[PDB]
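Just so it is clear, none of the values below were taken in a lab; they were calculated from the coordinates. Cβ placement follows ideal geometry from the backbone for every residue including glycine, while neighbour counts extend to all protein chains displayed.
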Amino acid sequence: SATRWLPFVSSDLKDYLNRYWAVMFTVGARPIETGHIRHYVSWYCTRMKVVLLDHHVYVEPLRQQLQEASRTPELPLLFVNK
Amino acid sequence: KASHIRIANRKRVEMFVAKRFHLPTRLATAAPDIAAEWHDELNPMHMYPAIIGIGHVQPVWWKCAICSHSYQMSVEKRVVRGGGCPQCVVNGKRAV
Amino acid sequence: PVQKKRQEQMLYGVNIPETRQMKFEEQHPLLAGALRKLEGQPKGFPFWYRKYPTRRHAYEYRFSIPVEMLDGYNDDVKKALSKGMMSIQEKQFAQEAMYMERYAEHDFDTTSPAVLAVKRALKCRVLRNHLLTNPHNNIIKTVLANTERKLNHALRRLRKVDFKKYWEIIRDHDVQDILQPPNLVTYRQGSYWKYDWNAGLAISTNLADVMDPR
Amino acid sequence: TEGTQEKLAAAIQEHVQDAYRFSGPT
Amino acid sequence: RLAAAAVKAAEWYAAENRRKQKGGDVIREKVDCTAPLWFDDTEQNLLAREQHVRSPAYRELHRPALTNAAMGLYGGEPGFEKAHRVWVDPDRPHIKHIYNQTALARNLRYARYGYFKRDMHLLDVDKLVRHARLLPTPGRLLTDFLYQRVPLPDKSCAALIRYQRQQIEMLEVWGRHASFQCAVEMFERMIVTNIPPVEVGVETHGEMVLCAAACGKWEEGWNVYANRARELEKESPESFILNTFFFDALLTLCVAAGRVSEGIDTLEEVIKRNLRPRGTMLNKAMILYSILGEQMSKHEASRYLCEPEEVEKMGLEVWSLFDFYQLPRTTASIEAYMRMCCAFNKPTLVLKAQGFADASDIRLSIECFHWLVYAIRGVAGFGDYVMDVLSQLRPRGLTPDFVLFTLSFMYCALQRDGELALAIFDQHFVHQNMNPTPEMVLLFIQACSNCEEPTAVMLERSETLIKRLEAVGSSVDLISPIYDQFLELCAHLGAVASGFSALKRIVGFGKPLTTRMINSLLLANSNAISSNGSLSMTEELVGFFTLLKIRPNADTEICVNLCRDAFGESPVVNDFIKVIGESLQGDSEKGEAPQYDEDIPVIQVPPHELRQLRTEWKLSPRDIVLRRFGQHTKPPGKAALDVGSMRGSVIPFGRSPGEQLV
Amino acid sequence: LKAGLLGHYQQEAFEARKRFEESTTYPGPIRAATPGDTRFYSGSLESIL
Amino acid sequence: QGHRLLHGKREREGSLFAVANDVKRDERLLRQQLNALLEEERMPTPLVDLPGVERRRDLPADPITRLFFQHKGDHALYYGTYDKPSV
Amino acid sequence: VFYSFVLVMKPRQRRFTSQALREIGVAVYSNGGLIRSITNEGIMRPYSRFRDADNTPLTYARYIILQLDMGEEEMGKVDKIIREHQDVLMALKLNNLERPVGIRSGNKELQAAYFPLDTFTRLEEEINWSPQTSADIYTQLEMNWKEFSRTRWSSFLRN
Amino acid sequence: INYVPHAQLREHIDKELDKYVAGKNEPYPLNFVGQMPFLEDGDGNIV
Amino acid sequence: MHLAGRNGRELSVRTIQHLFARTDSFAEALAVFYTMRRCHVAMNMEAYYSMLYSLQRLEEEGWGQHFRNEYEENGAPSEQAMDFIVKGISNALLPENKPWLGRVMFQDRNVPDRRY
RNA sequence: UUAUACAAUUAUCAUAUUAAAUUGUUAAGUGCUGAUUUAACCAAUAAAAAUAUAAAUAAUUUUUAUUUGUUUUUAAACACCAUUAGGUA
Ligand SMILES: [Zn+2]
């Protein structure tokens, strides 16, 4: 409206958490496990931001910070309410 | 918008004026016997009968075909008005 | 942004803050900053800075560079900064500064009516020259139709507030009928001269300097 | 100078059509 | 030699006319009314236009509108309730105010190009170029003319290249090449088409030479197109003849290119062809003779025909060629004649021509006042003539510009009178409220400094002119000669405080001190004995030569010796005089000439090169008012505010003031 | 004419007047010329009698 | 000497027109900051944040309201924090 | 750099390419312009085969970088000379050299906040970086690299 | 900036055309793309 | 100064204010001005204003010495001596009749006032 | 007595909302940038008289969209109606 549409991108994990309610960081090589979380979240009518980490500009900043919040190196991860 | 075509892949012209004027009035297309006498050495390298039209009023170099003489004539005087080699026309007056 | 562009055209260092780092430099340091740092020919302080307080004072070279700055360089650098290498915007700003040299009250003056009238007329000339080579540009038609009305307003107030400069501008550029009524039907009812009353210009003329008011 | 007669014929034919407007239908 | 060639061509044409009339039928000998000694090409086109106007088809087509008594009743009858279609000629209109802005009879939209595309076989392309709206580029106009297959004569090709030439004239100077290439491409399109019938005649070549003159191409106009027209003339005569328009285009090209000999050669070719030239041709010939006279003056000041005295004989006969045929004088003829007489250093002919312009009726064209002041530049005694010429502009409708004031101060500086420049400045320049150029201030202080017996009011006017020049900007760097002449004025007046306070301004602009400024300060200290100055002032002026950089001069030893008188011993000044006496003896032992203080030269440029502060405005108010190029002004949104549309009673606070939506 | 711009014009009518009394210098009292007769009397036309 | 006539409220109030070619540009903040640069701290006395009047006769006649006003020479102009709202 | 061109030319003999470049340079100098630089990049095999005047697809092509300082009308003249050359298959005109790309169409606040001299005074290789160029190479020019790189091969010569 | 003058134009063109030759005791520089082009010999024939 | 112009170092405001304070006469300070102009040294804009203010103050005491040299021999001042008291130097960068020409440039909002 | 006519339709008195956009032949990109893609080089275009109370301070112009004309070895193609080939655009 007052500003031109721009895709949101950031090198920090907490900038994604403070912006969206539900954030999910997936990979393109794991299509099944992201599809089950898409089914569960859309069943409860919740707005969700899916971030495909394949072809991202801040992969290694985000892959490091997801290892600190979750001790497992498992993708996808669901992040609700920071 | 407007569409364009490149004459001999070099000369960008508009498509409507090309089909009416630019394509059928080229030197290598309309008068090939005149364009065969084009001088390759003394003329500039960006000037050749594939892009230069018939009515080019500036004088270009012509290499004569019957005799061996290089001379400067305009392309419109050679095609439209009718031109020839100055050495051949002074040998034609000398012969007959 | 349309005012920041004209401020960059007029004043010299309005882009540079006290931090000496531009808005383009803080995000692109490898493109804006200098790559090599040379310890050689330091030019020092400019003692000739009084002659050029604004960029309209030095239009003989590119980027409003004075001739005192080009001393130690070879002729190729001075030729690449000459008048022949100027862009179209720099040539139009040189044409603007030619009249700004003639009609300004002070050196930082850009809003005098004699300056505003010739600026509107140069803009109308630029838009007409663009419409000559490209008559299918529909935005330039509207901008020319607005700029001609603004030029008429500027010249019509210049006629009342300073008649000598108006008459000089009319005589010098061979436009005598540039202030003419468009329609006879509106002119017969005095609506053309009522602009002199409605704009606040009806008693601008000093009667002792042109006539004998007795 | 030479094409004024055909322009005159077109103008008088237009005036004749405007007079044909008096007849109305058909 | 032009007048002798004119007399020779006139007597040859008279003898040829006499032998032809006595060979044909001896009918002109029976009439014996008159015989024209020349030939006029414009008489055929003017008589053809005058006979086209009086033709019955033109008078039937351009009849006025039929009245209501001529149509019929008061109304109700279809077809006769209005008038009929009215056709107007835009060059000779039989109605005033061809266009209108009414609600129903609005006709400005019907004057645009496209309504005249219905009849292009009958179309006149010069009237189309002059009177139409939203025309395309002339290449697309030629494409639309050749696409409809209409037989273009020479007039149509001349009109299309005239449209391209108007596009060239309206453009900037740095954008002339592309439109000229468009002109060359349209010309070759007109050559090689050959179906529809398109012929290139002498007017088309004249328009191409005019395009080359407008863009400024000598090698493209003279060598290519003029030679092509000459080849087409000599190859097939009696259907391709060079009229006066082609040679006028050639003279325009010779003026715009600076070529002098070719223009006089083509004017002699006009004369030898037994046809009369136009007045603009003689104006261009006088301009070329002015260029030749200025070049000879520059060549003799620097150190075909090396005799300058015969150039005046060949020049003034061009003015004598005006009264030869008929050729009435116009304003540009007066401008070119005064420019030519200023190029030959003859001011009496300029003073005669300025009265001859007021004799019949000629507007006196403020450039003519520039040449009026420039003609009397090196002639003493004409001060009140300059003072009266500046007063003559107000009854003639003119206002003085900066060029005329610089020429007046150039006269005052060359005649070094001083009081005339002050009289000009006090009651002619203060009321203008304009910005002075640095050349103007330079010539003013050159007039006031070099004058005999200057006054302090000249110092006041000079310092206030310097402050007014510093209050505004400039592009030229004349700071150092202006302050040099200001220090010379302080020398001839004796003010050392004003000249010493002016050193801080030379410091503030970064200009270096020279020996002439300190010599002027020493001469001011010699003449300061009533006002100011002491024995320490000459010591400080000695130190100005000593430690800065400045080498003393052979004029310095005169000024310090005059400052030695009536001031004191000052042994440091005596040691400086001994230092000067050693250095001036040693450099003379080396063999050098005695160097005195050089005088700053007075600028004597002609007014056509005097840093004109204007480029060009090619705006025409006719295309602004009639809205050519489709100028669209957006209307305001429902801002009528008319009383007939309102149908509600207006009460304060409205009908229902406070309404709550529940 | 637009009457709402009148009083501001009156301010200019002050400021043009007070400059005129301060800028120029009055040389002296000009002599009084005898006034003529006007041909623009009000009402209807009078007679030659 | 001929002097130019001041036309309009912007030229009669003496606007600087610091921004190039724009006569309708707002000027209150730049003029307020230049007037704040104009004042000086005098030591052998500065101004307060209360409102000011340009003349001593422009003080309010109420003695309690006069305590909230003071006399500033040319710093009494361009007072304020908010601007004129739009849209 | 005021103007730059990437000339794609037909791999002819050396004399023909030298005559073509000489005519281009004399057209630059005859119009009152200056050549900043001209560099040959050898014969490379492009991803698309350009066609000559006689419509034969050329597998190989020669790339030439030409940096000039010419006025606008004269640059138009030289561009119409270059684009209509018989040897030049393709030539792009770099006109985004004084102002960087993304300022005019990008943020409106970051439009008059740039300095044109920063890009005008440097060459085209300092604006458009090649893959071999980096900031380490530019810092190596001012770090007195002659006295530092003399011991860089002290470990490989013994094995 | 090292500009090319009009007199040193043909020599600079012949030096630039001799950048990629077959016989050279020096390593060849990379192009503007970062790729070694095809080497050639005299008269411009591609190796 | 040719060495300082070659090395490209800036002279501070306190440096030039102490440099021109050691000048006694007006002719000596113009030697320092045209030396640093010839040697192309760099400085701040406050260094240039404090330099030209010292050139303004040196001419003022130079004329005050001249007007007292004629006062001691004549016993009474002239009208030109009393006019020097009120007016002073007219052509000056920072004159006393407009005491606001040092507020934007100098960070102290006050001109440096030197005494002897 | 409406001093007011609720919405949506039937119909006439009619300004294209623009720096996110329009145009580019003599300038750009160009196989008609919209298949991928909410993001497209360069050039021209963002503001610029008084007055907001002032009783119309303004203009009578343009078409970016759809059809239809303008020329005939004078679109090779692709698409469409007679059925395999003509024309049409
Ligand atoms: Zn032959």
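Along each of the three principal axes of the Cα atoms of the protein assembly as shown, give the extent in whole Å, ordering the values from largest to smallest.
Principal-axis extents of the Cα atoms in the protein assembly as shown, largest first: 125, 115, 106 Å.
Once both labels are modelled 7 Å past Cα along the beta-carbon direction, what's the C:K5-H:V6 spacing in nm?
2.9 nm
Can you show me the helix-derived [θ] at 222 nm for chain E, built from DSSP H runs with n ≥ 4 at -39,500 (n - 2.57) apiece and divided by the number of residues, rounded to the nearest 500.
-16500 deg cm²/dmol
Mind checking C:196-206 for the average number of partner chain beta-carbons within 10 Å of each residue's beta-carbon?
Average per residue, whole number: 4.
Using the Cα centre as the reference, give the magnitude of the dipole from point charges on the C-beta atoms of chain G (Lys, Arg: +1; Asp, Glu: -1; all else neutral), rounded to the nearest 20 debye.
Dipole size: approximately 360 debye.
Using +1 at the Cβ of each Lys and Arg and -1 at the Cβ of each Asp and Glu in the protein assembly as shown, identify which of E:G279, I:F32, H:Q67 lies farthest towards the dipole's positive end.
The residue sitting farthest along the positive end of the dipole is I:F32.
With the contact rule set at Cα under 8 Å and sequence spacing of 6 or more, what percent relative contact order holds for segment H:1-128?
Relative contact order of segment H:1-128: 37 percent.
Within segment G:1-38, name every residue whose backbone N is under 17 Å away from a label modeled 7 Å from Cα of F:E15 along the Cβ vector.
G:2-17
So what is the 222 nm mean residue ellipticity for chain C from helices alone, if each DSSP H run of at least 4 adds -39500 (n - 2.57) and you divide by all residues, rounding to the nearest 500 deg cm²/dmol?
Helix contribution divided over all residues of chain C: -14000 deg cm²/dmol.
Spin-label point model (7 Å from Cα, Cβ direction): what's the F:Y41 to C:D177 distance in nm?
A separation of 4.8 nm, rounded to one decimal place.
Rg to Rh for chain A: what is it, with Cα atoms only and Rh by Kirkwood?
Taking Rg over the Kirkwood Rh, I get 0.97.
Going by a 4.7 Å Cβ-Cβ cut-off, which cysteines of chain B have no partner at all?
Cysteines of chain B left without a disulfide-compatible partner: B:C67.
Along the charge dipole of chain E, Cβ charges K/R +1 and D/E -1, which of E:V202, E:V605, E:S526 sits furthest on the positive end?
Among E:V202, E:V605, E:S526, the one farthest towards the positive end of the dipole of chain E is E:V202.
Along the Cα-to-Cβ line of J:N110, 7 Å from the Cα, sits a label point; which residues in segment G:43-67 have backbone N less than 13 Å from it?
G:43-44
Hey, with R₀ at 45 Å, roughly what FRET efficiency would A:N18 and H:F148 work out to, going by the Cβ-Cβ distance, to 0.05?
0.45
I'd like the FRET efficiency for G:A36 and C:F108, computed as 1/(1 + (r/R0)^6) with the beta carbon distance as r and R0 of 30 Å, rounded to 0.05.
The formula returns an efficiency of 0.90 here.
Give the average over all directions of the projected area of the C-alpha convex hull of segment E:511-662, one decimal, in nm².
Over every viewing direction, the Cα hull of segment E:511-662 projects on average to 29.4 nm².
Under a Cβ-Cβ cut-off of 10 Å, what is the net charge of the residues other than I:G42 that fall near it, where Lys and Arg count +1 and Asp and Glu count -1?
So the surrounding residues net to -3.
Amide H neighbours of A:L77 under 5 Å, at least 5 residues apart or on other chains, H built in the peptide plane: list them.
Residues meeting the amide H criterion: A:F25.
Name all residues of segment E:109-132 having a backbone nitrogen under 14 Å from the label point set 7 Å from the Cα of E:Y99 along its Cα→Cβ direction, giving them as ranges.
E:109-113, E:130-132
Whole-Å semi-axes of segment B:1-44's equivalent ellipsoid, largest first, each the root of 5 times a Cα gyration tensor eigenvalue?
They are 25, 13, 6 Å, listed largest first.
Among E:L108, C:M98, E:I482, whose Cα projects farthest towards the positive end of the dipole of the protein assembly as shown, with charges put on the beta-carbon of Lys, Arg (+1) and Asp, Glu (-1)?
My answer, from the dipole projection, is E:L108.
What do you get for Rg/Rh of segment J:8-102 when both radii come from the Cα atoms and Rh is the Kirkwood radius?
1.06
Once you have the alpha carbon radius of gyration of chain E, what is it after dividing by 2.2 N^0.38 Å, with N set to its residue count?
Normalised Cα radius of gyration, chain E: 1.38.
With θ taken as phi - 60° and the coefficients 6.51, -1.76 and 1.60, list the Karplus ³J(HN,Hα) couplings across segment C:138-149 in order, rounded to whole Hz; mark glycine and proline as x.
7, 6, 5, 5, 5, 5, 5, 5, 7, 6, 5, 5
Under the rule of at least 5 residues apart or a separate chain, name every residue whose amide H is placed under 5 Å from the amide H of G:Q70.
Amide H neighbours of G:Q70, under 5 Å, 5+ apart: G:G52, G:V53.
Report, to one decimal in Å, the Kirkwood hydrodynamic radius for segment E:548-599 based on all distinct Cα pairs.
Here the Kirkwood hydrodynamic radius works out to 12.0 Å.
Return, for the Cα atoms of chain G, the radius of gyration and Dmax in Å, separated by a comma.
16.5, 51
May I have the extent of the alpha carbons of segment E:316-468 along their three principal axes, as whole Å values ordered from largest to smallest?
So the three principal-axis extents are 59, 28, 23 Å.
Once the cut-off is 18 Å, how many percent of the Cα-Cα pairs in chain I end up in the long-distance tail?
The proportion of pairs with Cα distances above 18 Å equals 41 percent.
Against the longest alpha carbon principal axis of chain C, how many degrees, from 0 to 90 and to the nearest 10, is the axis of helix C:88-103 turned?
Relative to chain C, helix C:88-103 is tipped by roughly 60 degrees.
Can you give the three extents of the C-alpha atoms in segment E:573-618 along their principal axes, from longest to shortest, in whole Å?
67, 26, 13
Given a cut-off of under 8 Å on Cα pairs at least six residues apart, what relative contact order in percent is computed for segment E:439-521?
Contact order relative to length: 35 percent.
For segment H:59-159, count the residues as N, evaluate 2.2 N^0.38 Å, and divide the Cα radius of gyration by that value, please.
The reported ratio for this selection is 1.61.
Give me a single rounded figure for C:107-115: the average over its residues of other chain Cβ atoms within 10 Å of their Cβ.
5
Quick one: if the Förster radius is 41 Å, what FRET efficiency do J:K98 and E:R112 give, using the C-beta to C-beta distance and rounding to 0.05?
0.10
Could you give me the radius of gyration and the Dmax of segment C:45-157, taking only the C-alpha atoms into account and expressing both in angstrom?
17.2, 52
Please give the direction-averaged projected area of the C-alpha convex hull for segment E:310-362, in square nanometres with one decimal.
3.5 nm²
Based solely on C-alpha atoms, express the radius of gyration and the Dmax of segment J:47-116 in angstrom.
14.4, 46
Please list 3J(HN,Hα) in residue order for segment E:551-556, calculated via the Karplus relation 6.51 cos²θ - 1.76 cosθ + 1.60 where θ = phi - 60°; whole Hz, with x for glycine and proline.
6, x, 10, 6, 8, 5
How far apart, in nanometres, would the label points at H:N95 and A:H55 be if each is projected 7 angstrom from Cα along the Cα-to-Cβ direction?
Output for this residue pair reads 3.2 nm.
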